Amino acid sequence: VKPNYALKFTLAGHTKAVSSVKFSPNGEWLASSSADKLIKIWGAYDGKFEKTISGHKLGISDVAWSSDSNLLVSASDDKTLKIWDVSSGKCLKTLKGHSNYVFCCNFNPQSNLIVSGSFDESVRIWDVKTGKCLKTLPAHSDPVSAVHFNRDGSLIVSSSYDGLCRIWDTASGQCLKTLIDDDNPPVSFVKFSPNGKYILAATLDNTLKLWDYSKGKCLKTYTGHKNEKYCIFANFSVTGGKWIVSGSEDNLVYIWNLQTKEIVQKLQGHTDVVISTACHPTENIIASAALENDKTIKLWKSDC
Ligand SMILES: N#CC1(c2ccc(O)c(NS(=O)(=O)c3cc(Br)ccc3O)c2)CCC1
């Protein structure tokens with residue numbers, strides 16, 4: 001048993017490296033961000049271009065959807081985040097406060113809050129309605145590589161190149177747990193598991209790990225790919241078989257069996273580092289995006 005992801009569409013149009021791709025929660029759309037300072041919206045099932053969203057004055061590292069699929073937030077080298085109305089393309093709010101590049105962002109499940117992480121080593125929590133910063137967390141001592149809310153929104157997980165993963169209480173801003181590795185490889189990505197009990201963490205020693213953050217115990221390790229430089233997204237695939245999905249610096253998409261940790265598929269098609277992957281919420285569809293020598297997004301579909 002293995003998935004059989006096959007290339008269905010190639011999505012071209014960005015003029016520089018693509019930095020992130022995300023499927024909307026309602027399954028209809030894909031959003032992409034790029035070093036060309038643009039956001040593009042595409043049909044999730046047919047890859048059809050829908051619109052370009054513009055406004056940032058430097059490149060964009062990350063984009064994220066609100067839970068009702070109506071808003072996007074983007075994180076830019078221009079030190080701001082921007083909240084967007086997707087249907088109109090209008091910038092609703094510009095979130096100012098970080099003192100250097102903003103690298104990562106996410107809405108909470110109710111989507112009344114935004115979390116961000118920056119080169120300035122802080123994590124900020126923002127009010128969507130007013131656009132104002134509610135909390136500044138002194139989260140790390142190196143740039144923040146990822147931020148993510150758990151399934152109910154009571155917790156935030158952050159990661160950094162200082163080598164730490166930290167769990168934060170959303171309401172109070174307190175640090176509830178710090179995950180430490182004696183070899184201390186830079187942590188380049190983290191996110192909560194679908195059931196909220198685990199975190200998946202990428203380190204720049206070509207390794208992904210599944211952690212029980214409450215116990216500080218590593219349950220699973222996934223290797224075989226290449227990741228020593230970039231902050232590459234990783235995913236849990238919940239629509240068919242239980243797979244882990246990640247990009248790689250050898251230009252492939254890697255898919256692992258969650259439980260056995262074996263590689264089950266490698267997706268060949270991109271011509272530069274696959275920096276970002278995303279999994280469709282209801283169908284067995286993967287989106288992948290690559291860096292400057294490629295500049296495209298690819299949609300892959302599987303029977304399981
Ligand atoms: N091995 C393994 C374990 C496992 C097995 C089965 C699971 O469902 C989960 N929960 S999870 O990690 O949140 C999850 C991952 C994927 Br991919 C899909 C759905 C989903 O609930 C976790 C951890 C030790 C047993």
# chains A, B, ... in the order shown; residues from 1 in each chain; ligands from 1
>>> select_by_dssp(residues="segment 82-128 of chain A", states="strand (DSSP E or B)", output="list in words")
residues 82, 83, 84, 85, 91, 92, 93, 94, 95, 96, 102, 103, 104, 105, 106, 107, 113, 114, 115, 116, 117, 118, 123, 124, 125, 126 and 127 of chain A
>>> write_last_selection(atoms="C-alpha atoms", output="PDB file, in the first residue's frame")
ATOM      1  CA  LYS A  82      -1.040  42.286   5.203  1.00  0.00           C
ATOM      2  CA  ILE A  83      -4.608  41.040   5.608  1.00  0.00           C
ATOM      3  CA  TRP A  84      -6.403  40.619   2.281  1.00  0.00           C
ATOM      4  CA  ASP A  85      -9.991  40.223   1.163  1.00  0.00           C
ATOM      5  CA  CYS A  91      -5.634  45.032   1.484  1.00  0.00           C
ATOM      6  CA  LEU A  92      -7.767  45.379   4.618  1.00  0.00           C
ATOM      7  CA  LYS A  93      -4.976  45.999   7.151  1.00  0.00           C
ATOM      8  CA  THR A  94      -1.203  46.364   7.205  1.00  0.00           C
ATOM      9  CA  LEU A  95       0.286  44.908  10.395  1.00  0.00           C
ATOM     10  CA  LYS A  96       3.313  46.962  11.484  1.00  0.00           C
ATOM     11  CA  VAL A 102       8.495  38.582   8.579  1.00  0.00           C
ATOM     12  CA  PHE A 103       8.985  34.908   7.723  1.00  0.00           C
ATOM     13  CA  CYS A 104       5.861  32.989   8.797  1.00  0.00           C
ATOM     14  CA  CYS A 105       2.179  33.543   9.603  1.00  0.00           C
ATOM     15  CA  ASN A 106      -1.083  31.760  10.423  1.00  0.00           C
ATOM     16  CA  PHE A 107      -4.651  32.481  11.507  1.00  0.00           C
ATOM     17  CA  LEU A 113      -6.108  36.299  15.651  1.00  0.00           C
ATOM     18  CA  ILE A 114      -2.963  36.145  13.528  1.00  0.00           C
ATOM     19  CA  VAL A 115       0.417  34.830  14.697  1.00  0.00           C
ATOM     20  CA  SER A 116       3.675  35.870  13.019  1.00  0.00           C
ATOM     21  CA  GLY A 117       7.373  35.119  13.298  1.00  0.00           C
ATOM     22  CA  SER A 118      10.212  37.319  12.174  1.00  0.00           C
ATOM     23  CA  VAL A 123       6.574  36.117  17.741  1.00  0.00           C
ATOM     24  CA  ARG A 124       3.678  38.573  17.540  1.00  0.00           C
ATOM     25  CA  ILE A 125      -0.052  38.012  18.050  1.00  0.00           C
ATOM     26  CA  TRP A 126      -2.356  40.359  16.139  1.00  0.00           C
ATOM     27  CA  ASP A 127      -6.039  41.285  16.283  1.00  0.00           C
TER      28      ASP A 127
END
>>> residues_near_ligand(ligand="ligand 1", cutoff="8 Å", atoms="only C-alpha atoms and all ligand atoms", output="CSV table (one decimal) with C-alpha atoms, in the first residue's frame")
chain,number,residue,atom,x,y,z
A,192,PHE,CA,0.9,20.6,15.2
A,193,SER,CA,-0.5,17.2,14.2
A,194,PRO,CA,-4.1,16.8,13.2
A,195,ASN,CA,-5.1,15.5,16.6
A,196,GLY,CA,-3.3,18.3,18.4
A,197,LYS,CA,-1.2,16.0,20.5
A,198,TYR,CA,2.1,16.0,18.5
A,210,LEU,CA,7.3,13.6,15.3
A,219,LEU,CA,8.0,9.0,18.5
A,220,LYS,CA,9.0,8.9,14.8
A,235,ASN,CA,2.5,18.2,6.1
A,236,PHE,CA,0.2,15.5,7.4
A,237,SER,CA,-2.0,14.0,4.7
A,238,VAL,CA,-5.4,13.2,6.2
A,239,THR,CA,-7.6,12.4,3.2
A,241,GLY,CA,-3.5,6.9,3.8
A,242,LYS,CA,-1.6,8.4,6.7
A,243,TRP,CA,1.4,10.1,5.0
A,244,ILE,CA,4.0,12.7,5.8
A,257,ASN,CA,4.4,6.3,5.8
A,258,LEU,CA,3.5,8.0,9.1
A,259,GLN,CA,3.7,4.8,11.2
A,260,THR,CA,6.5,2.7,9.5
>>> closest_residue(among="A:271, A:184, A:54, A:214", to="residue 249 of chain A", atoms="only C-alpha atoms")
A:271
>>> residues_around(residues="segment 16-30 of chain A", least_positions_apart="5", cutoff="8 Å", atoms="only C-alpha atoms", output="count of residues only")
36
>>> residues_around(residues="residue 152 of chain A", least_positions_apart="2", cutoff="10 Å", atoms="only C-alpha atoms", output="PyMOL selection string")
chain A and resi 108-110+149-150+154-155+196
>>> residues_around(residues="residue 267 of chain A", least_positions_apart="4", cutoff="8 Å", atoms="only C-alpha atoms", output="NGL selection string")
:A and (5-6 or 252-254)
>>> write_last_selection(atoms="N, CA, C and O atoms", output="short mmCIF file (atom, residue, chain, number, x, y, z; two decimals), in the first residue's frame")
data_model
loop_
_atom_site.label_atom_id
_atom_site.label_comp_id
_atom_site.auth_asym_id
_atom_site.auth_seq_id
_atom_site.Cartn_x
_atom_site.Cartn_y
_atom_site.Cartn_z
N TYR A 5 0.50 9.35 -6.46
CA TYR A 5 0.38 10.73 -6.92
C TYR A 5 0.97 10.88 -8.31
O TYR A 5 2.09 10.43 -8.58
N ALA A 6 0.21 11.51 -9.20
CA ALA A 6 0.60 11.74 -10.58
C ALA A 6 0.37 13.20 -10.92
O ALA A 6 -0.59 13.82 -10.46
N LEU A 252 12.71 17.10 -5.25
CA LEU A 252 11.65 16.11 -5.20
C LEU A 252 10.67 16.43 -4.08
O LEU A 252 11.00 17.10 -3.11
N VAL A 253 9.45 15.92 -4.23
CA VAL A 253 8.51 15.81 -3.13
C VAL A 253 8.66 14.42 -2.52
O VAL A 253 8.63 13.42 -3.24
N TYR A 254 8.85 14.37 -1.20
CA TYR A 254 8.97 13.11 -0.48
C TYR A 254 7.68 12.80 0.27
O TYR A 254 7.08 13.70 0.87
#
>>> residues_around(residues="residue 97 of chain A", least_positions_apart="4", cutoff="8 Å", atoms="only C-alpha atoms", output="VMD selection string")
chain A and resid 79 to 80 133
>>> atom_distance(atom1="atom CA of residue 101 of chain A", atom2="atom CA of residue 78 of chain A")
6.2 Å
>>> atom_distance(atom1="atom CA of residue 156 of chain A", atom2="atom CA of residue 256 of chain A")
25.5 Å
>>> closest_atom_pairs(of="segment 161-189 of chain A", to="segment 227-234 of chain A", cutoff="9 Å", atoms="only C-alpha atoms", output="CSV")
residue,atom,partner,partner_atom,distance
A:187,CA,A:231,CA,8.4
A:188,CA,A:231,CA,4.7
A:189,CA,A:231,CA,6.0
>>> write_last_selection(atoms="N, CA and C atoms", output="short mmCIF file (atom, residue, chain, number, x, y, z; two decimals), in the first residue's frame")
data_model
loop_
_atom_site.label_atom_id
_atom_site.label_comp_id
_atom_site.auth_asym_id
_atom_site.auth_seq_id
_atom_site.Cartn_x
_atom_site.Cartn_y
_atom_site.Cartn_z
N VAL A 187 16.13 24.49 13.83
CA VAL A 187 14.79 24.01 13.52
C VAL A 187 14.19 24.92 12.45
N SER A 188 13.88 24.34 11.30
CA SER A 188 13.48 25.10 10.13
C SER A 188 11.98 25.08 9.86
N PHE A 189 11.22 24.24 10.56
CA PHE A 189 9.77 24.21 10.40
C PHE A 189 9.16 23.43 11.55
#
>>> closest_residue(among="A:173, A:119, A:209, A:222", to="residue 134 of chain A", atoms="only C-alpha atoms")
A:173
>>> decode(residues="segment 112-131 of chain A", atoms="N, CA and C atoms", output="mmCIF file, in the first residue's frame")
data_model
loop_
_atom_site.group_PDB
_atom_site.id
_atom_site.type_symbol
_atom_site.label_atom_id
_atom_site.label_comp_id
_atom_site.auth_asym_id
_atom_site.auth_seq_id
_atom_site.Cartn_x
_atom_site.Cartn_y
_atom_site.Cartn_z
ATOM 1 N N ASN A 112 -9.810 35.139 14.487
ATOM 2 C CA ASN A 112 -9.875 36.453 15.043
ATOM 3 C C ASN A 112 -8.456 36.929 15.390
ATOM 4 N N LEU A 113 -7.498 36.016 15.325
ATOM 5 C CA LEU A 113 -6.108 36.299 15.651
ATOM 6 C C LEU A 113 -5.195 35.855 14.518
ATOM 7 N N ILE A 114 -4.053 36.531 14.415
ATOM 8 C CA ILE A 114 -2.963 36.145 13.528
ATOM 9 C C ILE A 114 -1.700 36.021 14.366
ATOM 10 N N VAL A 115 -0.898 34.996 14.084
ATOM 11 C CA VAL A 115 0.417 34.830 14.697
ATOM 12 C C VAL A 115 1.478 34.987 13.612
ATOM 13 N N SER A 116 2.608 35.601 13.973
ATOM 14 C CA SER A 116 3.675 35.870 13.019
ATOM 15 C C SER A 116 5.026 35.625 13.669
ATOM 16 N N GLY A 117 6.004 35.273 12.842
ATOM 17 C CA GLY A 117 7.373 35.119 13.298
ATOM 18 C C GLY A 117 8.317 35.822 12.347
ATOM 19 N N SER A 118 9.399 36.361 12.908
ATOM 20 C CA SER A 118 10.212 37.319 12.174
ATOM 21 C C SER A 118 11.698 37.040 12.352
ATOM 22 N N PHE A 119 12.480 37.587 11.413
ATOM 23 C CA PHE A 119 13.927 37.662 11.552
ATOM 24 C C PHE A 119 14.330 38.410 12.818
ATOM 25 N N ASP A 120 13.460 39.287 13.334
ATOM 26 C CA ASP A 120 13.771 40.047 14.543
ATOM 27 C C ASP A 120 13.688 39.208 15.812
ATOM 28 N N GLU A 121 13.434 37.903 15.685
ATOM 29 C CA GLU A 121 13.501 36.877 16.732
ATOM 30 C C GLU A 121 12.275 36.876 17.638
ATOM 31 N N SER A 122 11.226 37.622 17.302
ATOM 32 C CA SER A 122 10.014 37.670 18.105
ATOM 33 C C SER A 122 8.871 36.941 17.408
ATOM 34 N N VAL A 123 7.878 36.569 18.213
ATOM 35 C CA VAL A 123 6.574 36.117 17.741
ATOM 36 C C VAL A 123 5.551 37.158 18.170
ATOM 37 N N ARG A 124 4.706 37.588 17.238
ATOM 38 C CA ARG A 124 3.678 38.573 17.540
ATOM 39 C C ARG A 124 2.292 37.985 17.308
ATOM 40 N N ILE A 125 1.345 38.420 18.135
ATOM 41 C CA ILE A 125 -0.052 38.012 18.050
ATOM 42 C C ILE A 125 -0.878 39.255 17.746
ATOM 43 N N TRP A 126 -1.670 39.193 16.676
ATOM 44 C CA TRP A 126 -2.356 40.359 16.139
ATOM 45 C C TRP A 126 -3.866 40.172 16.184
ATOM 46 N N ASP A 127 -4.583 41.281 16.360
ATOM 47 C CA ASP A 127 -6.039 41.285 16.283
ATOM 48 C C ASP A 127 -6.460 41.552 14.842
ATOM 49 N N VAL A 128 -7.180 40.597 14.250
ATOM 50 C CA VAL A 128 -7.559 40.700 12.843
ATOM 51 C C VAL A 128 -8.439 41.921 12.606
ATOM 52 N N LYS A 129 -9.397 42.167 13.502
ATOM 53 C CA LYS A 129 -10.389 43.211 13.258
ATOM 54 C C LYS A 129 -9.766 44.602 13.290
ATOM 55 N N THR A 130 -8.902 44.870 14.270
ATOM 56 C CA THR A 130 -8.298 46.189 14.409
ATOM 57 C C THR A 130 -6.944 46.303 13.726
ATOM 58 N N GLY A 131 -6.302 45.180 13.413
ATOM 59 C CA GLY A 131 -4.979 45.216 12.824
ATOM 60 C C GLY A 131 -3.862 45.557 13.782
#
